[PDB]
Amino acid sequence: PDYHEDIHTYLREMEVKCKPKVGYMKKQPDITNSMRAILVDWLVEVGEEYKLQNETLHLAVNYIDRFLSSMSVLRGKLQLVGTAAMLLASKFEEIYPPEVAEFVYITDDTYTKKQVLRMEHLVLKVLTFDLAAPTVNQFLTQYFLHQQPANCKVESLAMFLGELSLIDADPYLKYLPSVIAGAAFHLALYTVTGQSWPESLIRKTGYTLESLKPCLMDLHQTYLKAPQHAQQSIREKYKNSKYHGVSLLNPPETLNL
Amino acid sequence: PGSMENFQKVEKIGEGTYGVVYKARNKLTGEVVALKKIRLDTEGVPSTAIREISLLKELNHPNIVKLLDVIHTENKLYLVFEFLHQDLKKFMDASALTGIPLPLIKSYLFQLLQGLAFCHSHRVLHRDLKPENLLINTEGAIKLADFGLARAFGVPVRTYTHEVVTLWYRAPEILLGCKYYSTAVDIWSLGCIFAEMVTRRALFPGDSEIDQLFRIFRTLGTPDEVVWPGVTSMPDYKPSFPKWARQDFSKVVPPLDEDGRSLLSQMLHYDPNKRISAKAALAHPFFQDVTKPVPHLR
Ligand SMILES: O=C1N=C(NCc2cccs2)S/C1=C/c1ccc2ncccc2c1
């Protein structure tokens, strides 16, 4: 707490610098938002299978989106990028990362170990080794400290909402992690307790309900349409008692802004 | 980017947390550099290298070693650093008993605290602060180096890797198995290093975790709930721990003045919450007359 403010300021600076190109999918001739949704949903399952941190997942997605912001990738190679990204995120973030052979295993042997290792190098080169990216998760944990009082259901629900945002590059690619975290926190808080984006955070972040509105409207719709989405791995994950079964909670019908 | 063609290796300096460190010379600019060589024929790029490179690229501060370039790949990865003079361990090994004056010590501690405050403000734990990982130049500067064991932390922290920190410099919250440790572990290490520069011997030179703990207890007193609330509930606490009375700091570090003793005590507080931050320490009265003395040339 002698560094809370310093750290939050710094992450706000870095999230702008670590932000992927908003319009990259339109510059990708062979891949689409739909295929990316499939990839990210798959990484959620990988994260579940190997009991990886949520932060690891958020990191891998940042790496993928940044990589694809400058590198054209054929549909047959998109999973390879994702696998290499997940390996890198695991090495960065995890106490006990899965072995390389385990990442080769979950690609259903489509790619070899050598390809995974070569893609690891390429991803590193393309990102110029800059892997310490701020994530929605990093902002959420800080925002959680402003609860009155702390609520396990609010925390897991916010995490669930922030995770849903990873799936859909349209629209979430246009919003910064600190904004998605703010929208996720408000919407979680409202769904569980009826309460709202609190004043202590308006003042910490400079974000008002109004500045959060555009992301919050999108996240609201995403939350309402969640049972109908083609990708379901995040909903299935957040049924677990580990996350207090928060994906079983009913989304509020209106937000009243 | 960066090319190995332009560097001429001079000598092997030694081995860090990972990789091998060489002294070399840029043939075109004349700059003397350190090269940290990592062999990639061992599982892809090591997590230690990934973390050090990523974090050092972010950390630009006068008291943190300057990462200049990364040359990749040829089955080898080379980190290129500015070359200073010598690490603090070698300096101390090369120093006569009277060779490290208190004003130099004060200056070195002040700068290490600046470097550490900068790490912590940028959500980096170093987790291996010991004399060998600290570098001096001939002009009075000292810098944090070897971020191979470092990590980017969150607010608030999660559980990270248990041990962590070379034993002599390891914080009691790590030894006692606390689920959470944070920036205070780096401050403990610096407190140990401060005492070591002053007395010219390691403060707590244990050979096992229990030996390490008992050494700490004999100096600082065996911790109880009054001194460190929660201590008796920690995973590796034992009701059977021997009881030792806290020592007088005038006897722990005889050459040290009142202000110096005060700062040391605040850096070695049992409770990581009460333990002084690097940022708050910079304004301690010990540093009122701080300057920047030069070291001997060895
Ligand atoms: O000095 C360095 N030490 C590292 N890890 C532990 C070691 C200490 C001595 C050999 S290995 S990494 C590192 C890089 C570095 C940068 C500048 C230097 N200037 C002078 C002397 C050694 C230097 C080492």
# chains A, B, ... in the order shown; residues from 1 in each chain; ligands from 1
$ residues_near_ligand --ligand "ligand 1" --cutoff "8 Å" --atoms "only C-alpha atoms and all ligand atoms" --output "number ranges by chain"
B: 13-18, 20-23, 33-36, 65-66, 81-87, 132-137, 145-147
$ residues_around --residues "stretch 95-102 of chain A" --least-positions-apart "6" --cutoff "8 Å" --atoms "only C-alpha atoms" --output "JSON, numbers by chain"
{"A": [50, 87, 113, 116], "B": [43, 44, 160, 161]}
$ interface_residues --of "chain A" --to "chain B" --cutoff "9 Å" --atoms "only C-alpha atoms" --output "MDAnalysis selection string"
chainID A and resid 1:8 10:11 88 90:96 99:101 116:118 120:121 124:125 128:132 138:139 141:142 145
$ write_last_selection --atoms "C-alpha atoms" --output "PDB file, in the first residue's frame"
ATOM      1  CA  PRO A   1       0.000   0.000   0.000  1.00  0.00           C
ATOM      2  CA  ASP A   2       3.065   2.252   0.028  1.00  0.00           C
ATOM      3  CA  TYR A   3       3.154   1.485  -3.720  1.00  0.00           C
ATOM      4  CA  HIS A   4      -0.551   0.979  -4.619  1.00  0.00           C
ATOM      5  CA  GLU A   5      -0.848   4.427  -6.233  1.00  0.00           C
ATOM      6  CA  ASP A   6       2.571   4.276  -7.920  1.00  0.00           C
ATOM      7  CA  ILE A   7       1.751   0.875  -9.366  1.00  0.00           C
ATOM      8  CA  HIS A   8      -1.709   1.851 -10.629  1.00  0.00           C
ATOM      9  CA  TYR A  10       2.396   2.809 -13.982  1.00  0.00           C
ATOM     10  CA  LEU A  11      -0.027   0.139 -15.229  1.00  0.00           C
ATOM     11  CA  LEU A  88       5.137 -17.841 -22.883  1.00  0.00           C
ATOM     12  CA  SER A  90       2.922 -19.694 -18.391  1.00  0.00           C
ATOM     13  CA  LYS A  91       6.670 -19.247 -18.178  1.00  0.00           C
ATOM     14  CA  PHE A  92       6.206 -15.576 -17.226  1.00  0.00           C
ATOM     15  CA  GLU A  93       3.400 -15.953 -14.685  1.00  0.00           C
ATOM     16  CA  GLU A  94       3.202 -19.522 -13.320  1.00  0.00           C
ATOM     17  CA  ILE A  95       5.118 -21.053 -10.393  1.00  0.00           C
ATOM     18  CA  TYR A  96       5.031 -24.438 -12.185  1.00  0.00           C
ATOM     19  CA  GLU A  99       6.243 -28.600 -19.882  1.00  0.00           C
ATOM     20  CA  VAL A 100       6.612 -27.919 -23.638  1.00  0.00           C
ATOM     21  CA  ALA A 101       5.598 -31.540 -24.390  1.00  0.00           C
ATOM     22  CA  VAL A 116       6.072 -24.776 -30.945  1.00  0.00           C
ATOM     23  CA  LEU A 117       9.634 -23.769 -29.887  1.00  0.00           C
ATOM     24  CA  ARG A 118      10.285 -21.892 -33.137  1.00  0.00           C
ATOM     25  CA  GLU A 120       7.914 -19.214 -29.177  1.00  0.00           C
ATOM     26  CA  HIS A 121      11.046 -17.469 -30.525  1.00  0.00           C
ATOM     27  CA  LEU A 124       9.291 -13.132 -28.494  1.00  0.00           C
ATOM     28  CA  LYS A 125      11.029 -11.397 -31.409  1.00  0.00           C
ATOM     29  CA  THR A 128      10.510  -7.664 -28.604  1.00  0.00           C
ATOM     30  CA  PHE A 129      10.448  -9.604 -25.297  1.00  0.00           C
ATOM     31  CA  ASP A 130       7.992  -7.118 -23.764  1.00  0.00           C
ATOM     32  CA  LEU A 131       5.785  -9.580 -21.874  1.00  0.00           C
ATOM     33  CA  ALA A 132       4.892  -7.691 -18.651  1.00  0.00           C
ATOM     34  CA  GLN A 138      -4.521  -6.759 -12.661  1.00  0.00           C
ATOM     35  CA  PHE A 139      -6.934  -3.805 -12.544  1.00  0.00           C
ATOM     36  CA  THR A 141      -7.698  -7.041  -8.042  1.00  0.00           C
ATOM     37  CA  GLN A 142      -6.861  -3.415  -7.261  1.00  0.00           C
ATOM     38  CA  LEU A 145      -9.772  -3.343  -2.464  1.00  0.00           C
TER      39      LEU A 145
END
$ residues_around --residues "residue B:112" --least-positions-apart "5" --cutoff "10 Å" --atoms "only C-alpha atoms" --output "list in words"
residues 63, 64, 106, 107, 117, 118, 129, 134, 141, 142, 143, 144, 187, 190, 194, 278 and 282 of chain B
$ write_last_selection --atoms "N, CA, C and O atoms" --output "short mmCIF file (atom, residue, chain, number, x, y, z; two decimals), in the first residue's frame"
data_model
loop_
_atom_site.label_atom_id
_atom_site.label_comp_id
_atom_site.auth_asym_id
_atom_site.auth_seq_id
_atom_site.Cartn_x
_atom_site.Cartn_y
_atom_site.Cartn_z
N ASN B 63 20.22 3.43 -10.61
CA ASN B 63 20.71 2.37 -9.70
C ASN B 63 20.22 0.96 -10.04
O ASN B 63 20.14 0.08 -9.17
N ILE B 64 19.89 0.77 -11.30
CA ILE B 64 19.54 -0.56 -11.83
C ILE B 64 20.41 -0.76 -13.06
O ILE B 64 20.49 0.13 -13.92
N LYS B 106 26.96 4.42 3.67
CA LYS B 106 25.77 5.25 3.67
C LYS B 106 25.33 5.54 2.23
O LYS B 106 24.16 5.36 1.89
N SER B 107 26.26 5.97 1.40
CA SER B 107 25.97 6.28 -0.01
C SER B 107 25.45 5.04 -0.74
O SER B 107 24.44 5.12 -1.45
N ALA B 117 13.24 1.09 -4.47
CA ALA B 117 12.00 1.84 -4.48
C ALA B 117 11.47 1.89 -5.90
O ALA B 117 10.26 1.73 -6.12
N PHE B 118 12.36 2.09 -6.87
CA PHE B 118 11.96 2.13 -8.28
C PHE B 118 11.38 0.77 -8.76
O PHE B 118 10.32 0.73 -9.37
N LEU B 129 18.53 -10.25 -3.60
CA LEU B 129 19.49 -9.18 -3.23
C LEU B 129 20.55 -9.75 -2.30
O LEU B 129 20.25 -10.13 -1.18
N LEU B 134 24.96 -7.13 -6.76
CA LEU B 134 25.04 -5.66 -6.67
C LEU B 134 26.36 -5.22 -7.30
O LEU B 134 27.40 -5.82 -7.03
N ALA B 141 29.01 4.86 -7.83
CA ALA B 141 27.66 4.31 -8.08
C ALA B 141 27.57 2.83 -7.68
O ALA B 141 28.55 2.10 -7.75
N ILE B 142 26.39 2.42 -7.22
CA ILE B 142 26.09 1.00 -7.02
C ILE B 142 24.73 0.72 -7.68
O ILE B 142 23.83 1.57 -7.64
N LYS B 143 24.58 -0.46 -8.29
CA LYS B 143 23.35 -0.79 -9.03
C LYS B 143 22.84 -2.20 -8.72
O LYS B 143 23.63 -3.11 -8.51
N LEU B 144 21.53 -2.36 -8.71
CA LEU B 144 20.91 -3.69 -8.64
C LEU B 144 21.10 -4.41 -9.98
O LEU B 144 20.92 -3.81 -11.06
N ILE B 187 13.58 -5.59 1.24
CA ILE B 187 14.07 -4.73 2.33
C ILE B 187 14.85 -5.53 3.39
O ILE B 187 15.92 -5.11 3.82
N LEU B 190 18.27 -6.18 2.01
CA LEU B 190 19.11 -4.98 2.06
C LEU B 190 19.59 -4.64 3.48
O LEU B 190 20.68 -4.15 3.63
N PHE B 194 23.39 -4.21 4.50
CA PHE B 194 23.80 -3.01 5.28
C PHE B 194 24.68 -3.45 6.47
O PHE B 194 25.79 -2.95 6.64
N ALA B 278 11.25 0.93 0.96
CA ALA B 278 12.43 1.59 0.37
C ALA B 278 12.19 3.09 0.19
O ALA B 278 13.08 3.91 0.43
N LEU B 282 14.26 6.46 2.37
CA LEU B 282 15.08 7.51 1.74
C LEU B 282 15.11 8.81 2.54
O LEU B 282 16.10 9.54 2.47
#
$ atom_distance --atom1 "atom CA of residue A:176" --atom2 "atom CA of residue A:133"
11.7 Å
$ closest_residue --among "A:251, A:82, A:182, A:177" --to "residue A:221" --atoms "only C-alpha atoms"
A:251
$ atom_distance --atom1 "atom CA of residue A:201" --atom2 "atom CA of residue A:238"
25.9 Å
$ residues_around --residues "residue A:86" --least-positions-apart "4" --cutoff "9 Å" --atoms "only C-alpha atoms" --output "JSON, numbers by chain"
{"A": [43, 46, 47, 56, 57, 59, 60, 61, 63, 64, 81, 82, 90, 91, 103]}
$ select_by_dssp --residues "stretch 123-246 of chain A" --states "alpha helix (DSSP H)" --output "number ranges by chain"
A: 123-126, 136-144, 152-167, 169-172, 177-193, 199-205, 209-225, 233-237
$ select_by_dssp --residues "stretch 79-216 of chain B" --states "strand (DSSP E)" --output "PyMOL selection string"
chain B and resi 79-82+86-87+124-125+134-136+142-144+151-152
$ closest_residue --among "B:293, B:19, B:255, B:221" --to "residue B:98" --atoms "only C-alpha atoms"
B:255
$ residues_around --residues "residue B:176" --least-positions-apart "3" --cutoff "10 Å" --atoms "only C-alpha atoms" --output "list in words"
residues 171, 172, 173, 179, 209, 210, 213, 231, 232, 233, 234, 235, 236, 237 and 238 of chain B
$ write_last_selection --atoms "N, CA and C atoms" --output "PDB file, in the first residue's frame"
ATOM      1  N   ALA B 171      14.108 -13.560   4.142  1.00  0.00           N
ATOM      2  CA  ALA B 171      13.217 -12.979   5.151  1.00  0.00           C
ATOM      3  C   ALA B 171      12.511 -14.037   6.010  1.00  0.00           C
ATOM      4  N   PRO B 172      12.229 -13.711   7.275  1.00  0.00           N
ATOM      5  CA  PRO B 172      11.573 -14.705   8.141  1.00  0.00           C
ATOM      6  C   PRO B 172      10.183 -15.139   7.659  1.00  0.00           C
ATOM      7  N   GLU B 173       9.432 -14.262   6.977  1.00  0.00           N
ATOM      8  CA  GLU B 173       8.127 -14.659   6.431  1.00  0.00           C
ATOM      9  C   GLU B 173       8.240 -15.756   5.358  1.00  0.00           C
ATOM     10  N   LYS B 179       1.985 -17.743   3.156  1.00  0.00           N
ATOM     11  CA  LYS B 179       1.380 -17.886   1.831  1.00  0.00           C
ATOM     12  C   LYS B 179       1.600 -16.637   0.982  1.00  0.00           C
ATOM     13  N   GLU B 209      17.556 -23.958   6.780  1.00  0.00           N
ATOM     14  CA  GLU B 209      16.463 -23.050   7.133  1.00  0.00           C
ATOM     15  C   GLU B 209      16.280 -22.908   8.649  1.00  0.00           C
ATOM     16  N   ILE B 210      16.407 -24.006   9.392  1.00  0.00           N
ATOM     17  CA  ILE B 210      16.233 -23.915  10.854  1.00  0.00           C
ATOM     18  C   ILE B 210      17.409 -23.170  11.508  1.00  0.00           C
ATOM     19  N   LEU B 213      16.826 -19.471  10.791  1.00  0.00           N
ATOM     20  CA  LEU B 213      15.839 -18.952  11.733  1.00  0.00           C
ATOM     21  C   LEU B 213      16.436 -18.720  13.123  1.00  0.00           C
ATOM     22  N   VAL B 231       2.221 -14.654  14.044  1.00  0.00           N
ATOM     23  CA  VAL B 231       3.443 -15.444  13.858  1.00  0.00           C
ATOM     24  C   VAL B 231       3.237 -16.904  14.299  1.00  0.00           C
ATOM     25  N   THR B 232       2.535 -17.090  15.422  1.00  0.00           N
ATOM     26  CA  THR B 232       2.302 -18.433  15.968  1.00  0.00           C
ATOM     27  C   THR B 232       1.353 -19.297  15.134  1.00  0.00           C
ATOM     28  N   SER B 233       0.702 -18.702  14.141  1.00  0.00           N
ATOM     29  CA  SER B 233      -0.187 -19.443  13.240  1.00  0.00           C
ATOM     30  C   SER B 233       0.450 -19.719  11.886  1.00  0.00           C
ATOM     31  N   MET B 234       1.702 -19.315  11.704  1.00  0.00           N
ATOM     32  CA  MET B 234       2.331 -19.500  10.402  1.00  0.00           C
ATOM     33  C   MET B 234       2.719 -20.954  10.168  1.00  0.00           C
ATOM     34  N   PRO B 235       2.611 -21.423   8.908  1.00  0.00           N
ATOM     35  CA  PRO B 235       2.802 -22.832   8.552  1.00  0.00           C
ATOM     36  C   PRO B 235       4.002 -23.509   9.220  1.00  0.00           C
ATOM     37  N   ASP B 236       5.156 -22.845   9.245  1.00  0.00           N
ATOM     38  CA  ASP B 236       6.365 -23.494   9.758  1.00  0.00           C
ATOM     39  C   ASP B 236       6.831 -22.961  11.105  1.00  0.00           C
ATOM     40  N   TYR B 237       5.953 -22.233  11.786  1.00  0.00           N
ATOM     41  CA  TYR B 237       6.200 -21.873  13.168  1.00  0.00           C
ATOM     42  C   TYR B 237       6.146 -23.143  14.021  1.00  0.00           C
ATOM     43  N   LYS B 238       6.951 -23.188  15.078  1.00  0.00           N
ATOM     44  CA  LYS B 238       6.911 -24.296  16.029  1.00  0.00           C
ATOM     45  C   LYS B 238       6.859 -23.726  17.436  1.00  0.00           C
TER      46      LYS B 238
END
$ residues_around --residues "residue B:254" --least-positions-apart "4" --cutoff "9 Å" --atoms "only C-alpha atoms" --output "list in words"
residues 198, 199, 249 and 250 of chain B
$ atom_distance --atom1 "atom CA of residue B:252" --atom2 "atom CA of residue B:115"
26.1 Å
$ residues_around --residues "residue B:200" --least-positions-apart "4" --cutoff "8 Å" --atoms "only C-alpha atoms" --output "list in words"
residues 92, 97, 195 and 196 of chain B
